[PDB]
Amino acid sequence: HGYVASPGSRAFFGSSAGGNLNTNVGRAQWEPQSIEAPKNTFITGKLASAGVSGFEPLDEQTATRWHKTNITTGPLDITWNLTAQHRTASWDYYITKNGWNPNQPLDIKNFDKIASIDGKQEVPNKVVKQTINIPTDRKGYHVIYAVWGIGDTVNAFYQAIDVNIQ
């Protein structure tokens, strides 16, 4: 169990620690760490919730629904907080393509992978800090999809992150 705290994930922003910057986020208000589904679950319109019961409100998609963190292109620091550390296989990061439609359901086919970090089947610390590169053809509202792949289960934790790139 874990979430991306910086830039705050869509689920994390639904919690008090995230400032309640997103409203009406279901289970994300209290447990943004709990978005767990089998690896390689990428159902269109169910990326933000990973199809998980009680997280459905996260799947709404419009240009103005969610709070964005202002960021630049180039290096971006990602910080996870893990409420329950687990042995780890992988960390994968995707971002929406230039030209994507922020008023349509999220579809993984409209993202590129932009980073992949091997977990080496070790148990990470409670705070995990990684640096990924945001490609320079992205401007404006984009969604980063951060995926923490568990080493000793068939599951992963899924974190959609709303950013405004300038």
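Each residue number is its position in the shown sequence, starting from 1.
Participant: Taking the mean of the C-alpha B-factors per stretch from the entry, tell me the winner out of 116-124 and 45-53.
Facilitator: Comparing 116-124 with 45-53, the higher average CA B-factor belongs to 116-124.
Participant: From 147, 154, 11, 143, pick the one with the largest CA B-factor in the entry?
Facilitator: It is 154.
Participant: Pick out which of 34, 29, 103, 136 has the highest C-alpha B-factor in the PDB entry.
Facilitator: Checking the PDB record, the top C-alpha B-factor among 34, 29, 103, 136 is at 103.
Participant: Tell me, lowest, middle or highest third: where does the Cα B factor of residue 82 rank within its chain?
Facilitator: Ranked within chain, residue 82 CA B lands in the middle tercile.
Participant: Mind checking which third residue 159 falls in for C-alpha B-factor across the chain?
Facilitator: Within its chain, residue 159 is a lowest-third residue by C-alpha B-factor, going by the deposited values.
Participant: Lowest, middle or highest third: which one holds residue 109 when the chain's residues are ordered by CA B-factor from the entry?
Facilitator: Its C-alpha B-factor belongs to the highest third of this chain's values.
Participant: Among the modelled residues of its chain, does the C-alpha B-factor of residue 90 lie in the lowest, middle or highest third?
Facilitator: For residue 90, whose C-alpha B-factor we compare with every modelled residue in the chain, the answer is the middle third.
Participant: Once the chain's modelled residues are ordered by C-alpha B factor and cut into thirds, is residue 67 in the lowest, middle or highest one?
Facilitator: Answer is middle: the recorded C-alpha B-factor places it there.
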